[PDB]
Amino acid sequence: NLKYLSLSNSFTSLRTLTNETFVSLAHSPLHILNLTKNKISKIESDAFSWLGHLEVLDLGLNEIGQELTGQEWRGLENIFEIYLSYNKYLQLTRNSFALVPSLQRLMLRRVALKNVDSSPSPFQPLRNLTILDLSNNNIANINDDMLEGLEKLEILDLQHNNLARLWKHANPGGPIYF
RNA sequence: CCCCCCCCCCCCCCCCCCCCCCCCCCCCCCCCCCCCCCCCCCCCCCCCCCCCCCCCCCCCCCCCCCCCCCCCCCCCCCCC
Ligand SMILES: *[C@@H]1O[C@H](CO)[C@@H](O[C@@H]2O[C@H](CO)[C@@H](O)[C@H](O)[C@H]2NC(C)=O)[C@H](O)[C@H]1NC(C)=O
Ligand SMILES: *[C@@H]1O[C@H](CO)[C@@H](O)[C@H](O)[C@H]1NC(C)=O
Ligand SMILES: *[C@@H]1O[C@H](CO)[C@@H](O)[C@H](O)[C@H]1NC(C)=O
């Protein structure tokens, strides 16, 4: 009957989240999982495949430095919020969030975001996305179709980045209308 | 039919340097909040001790009065 589980700063050595870490939570109807401040460094594929009813996943304030292949979110069929702010570095790809179309909140502040300007936008499948946070990442380049199709977006945080060149009339190809 | 040598222009890539722009970290100063300790001022409280004042109680002392008992002395009258 477990619906809420907080594991914030509960461990000394939890560096890698393999596909066997949460197998003991398979039969729990877990909705909220908090994993902040655990010095987590790597998330493997199918790490959260055992949490099918999960709605909130908080992974901020860790040392996660990797490239999000998108397989880390397999099995998250009811997820609504993913918190990833204040990690080492996150590199996005075409299918980083292709397995979680039900996502509504995505926080990516202070993660030193890389490759957010992919030709197919990493945020394209997120049709229900409402809140997106990309602040304090020193992002310099954004394509005009980064947020295409996100008709439900309501909050967009882009402060403390470097987007000045994109809005200059002398920028090659003209200003970026994102 | 075939090589080599010059000229301009257009490039590509790797380094160096200089620019704005931004991020992170740190330093200096200031401000705010919280915590701890300490000082100063004023109004008080309780307890103890000392002193003073009022009132009261008990005991005692001094003086006086009353009653009882005891003793001495004065008048007067009878009995044998
Ligand atoms: C996960 O747990 C952490 C730590 O308990 C929560 O972080 C706190 O969040 C509140 C509200 O945002 C802040 O006021 C506190 O300062 C935070 N504490 C720390 C140490 O950062 C976090 O909110 C939890 N996440 C979820 C989704 O519940
Ligand atoms: C976890 O991944 C390993 C490596 O791919 C695999 O051998 C193993 O069967 C997986 N565990 C489960 C429970 O699927
Ligand atoms: C997005 O939200 C709408 C409205 O609640 C819903 O119909 C749709 O199923 C959602 N999409 C996903 C993938 O959950």
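All values below come from the heavy atoms of this structure, side chains included, with hydrogens, waters and symmetry mates left out. Sequence lines set the chain letters: A, B, ... in the order given, protein chains first and strands last, and positions in each chain run from 1.
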Checklist entry - In Å, rounded to the nearest 0.5 Å, how long is the span from CG of A:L99 to OG1 of A:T69? => result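 Output value for this atom pair is 9.0 Å.
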Item to check | NZ-CG distance between A:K168 and A:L163, expressed to the nearest 0.5 angstrom | outcome: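 Atom-to-atom, A:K168:NZ and A:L163:CG are 11.5 Å apart.
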Checklist entry - Between the side chains of A:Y83 and A:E81, does any donor sit under 3.5 Å from an acceptor? => result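 Yes, a side-chain donor-acceptor pair sits under 3.5 Å.
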Checklist entry - For A:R110 and A:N136, does a side-chain donor sit closer than 3.5 Å to a side-chain acceptor? => result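 Distance-only check fails for A:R110 and A:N136.
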Polar atoms only, N or O, under 3.5 Å: list the protein pairs with nucleotides 24-26 of chain B and their distances.
unit_1	atom_1	unit_2	atom_2	d
B:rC24	OP1	A:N136	ND2	2.7

Item to check | Salt bridge A:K152-A:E154, side-chain N to carboxylate O under 4.0 Å | outcome: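 Not counted as a salt bridge, because no side-chain N and carboxylate O are separated by less than 4.0 Å.
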